[PDB]
């Protein structure tokens, strides 16, 4: 019932603007236990009154689950969001993945990032991962879906550190760090690599140890 959302002045209100004609919507809902519901809706305005028509089709709900057994107790509120700063950080990240600069993360690009962060994953997995957040099912991750995935996100930092520390001596040198950032598709000067080392290097030995790495990475 989208017409009853308080929109601040500075955000255009798609719903209120659509009158007198109104609007429609189509929706696909997936529950984590497998149930799926498709909905189509029309919102119209007739003689000063709002009029809604909805068609729903749900399937695959487990017979023993809480929905079919009527063991539900209402919805949590929906209040989490990202900040403007976070969205701008996540856009910078996204481009590491979006190396063709097109707007979409193909399974090819996800594998190359995972490869240069040292991962060894199949299509069997690169399609599982992409399906966990492919809202619309085209088969790639665009920026809004990347946002959702990010918002939803020790042993793995340890792995990252082992990958950065190519020679295994316990310290990431400038040369090691340049190699990973380059492979990630970062465009940065050698000065900029050193500036990253300097930012991380609290004990001032010219290199990044594990604990220093953890602090930058978390």
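Positions refer to the first chain, counted from 1.
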item	value
Unmodelled deposited residues flanked by residue 153 on one side and residue 154 on the other	4 to 9
Stretch with the higher entry mean CA B-factor, where the candidates are 121 to 129 and 94 to 102	121 to 129
Mean Cα B-factor comparison, 28 to 36 or 155 to 163, giving the higher one as deposited	155 to 163
Peak C-alpha temperature factor (PDB record), options 84, 109, 80, 76	109
For residue 191, the third of its chain into which the C-alpha B factor falls	middle
